[PDB]
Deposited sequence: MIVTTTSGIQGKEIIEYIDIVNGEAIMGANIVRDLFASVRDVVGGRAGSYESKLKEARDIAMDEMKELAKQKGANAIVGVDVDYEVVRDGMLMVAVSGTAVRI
């Protein structure tokens, strides 16, 4: 199933814009370092995937086979906690 940060699936007609769906993960409460320095996946991959799984599960719940126009937001939330929040429009194609 296609998940894209773009407005449409080039080649495919959208049958229905079903709903806007979201997912969120709250992560735990001269050196510039990459997110994958010293590890195979990025430190935020677990958070990001939890957030995207929730969004995908909801979309699937709503009869979607695709999710377009997705955005990722990051906010430091509670006592230091990182939230990753993902939003997108569930569609039938």
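Inset, instruction - Spell out the unmodelled ranges of the deposited sequence for me, N- to C-terminal, numbering from the first residue. - result: Missing C-alpha atoms (numbering from 1) occur across the range 30-39 alone.
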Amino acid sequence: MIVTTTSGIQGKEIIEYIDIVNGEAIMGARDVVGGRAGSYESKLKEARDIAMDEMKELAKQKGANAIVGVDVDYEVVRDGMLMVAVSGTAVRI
From here on, numbers count along this sequence of modelled residues.
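Inset, instruction - Could you check the entry and say whether 84-92 or 1-9 has the higher mean CA B-factor? - result: Result of the comparison: 1-9.
Inset, instruction - Please work out which of 38-46 and 51-59 has the higher mean CA B-factor as recorded in the PDB entry. - result: Higher of the two, by average CA B-factor, is 51-59.
Inset, instruction - Report the option among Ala64, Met27, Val33, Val68 whose CA atom has the maximum B-factor in the deposited record. - result: Largest recorded C-alpha B-factor: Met27.
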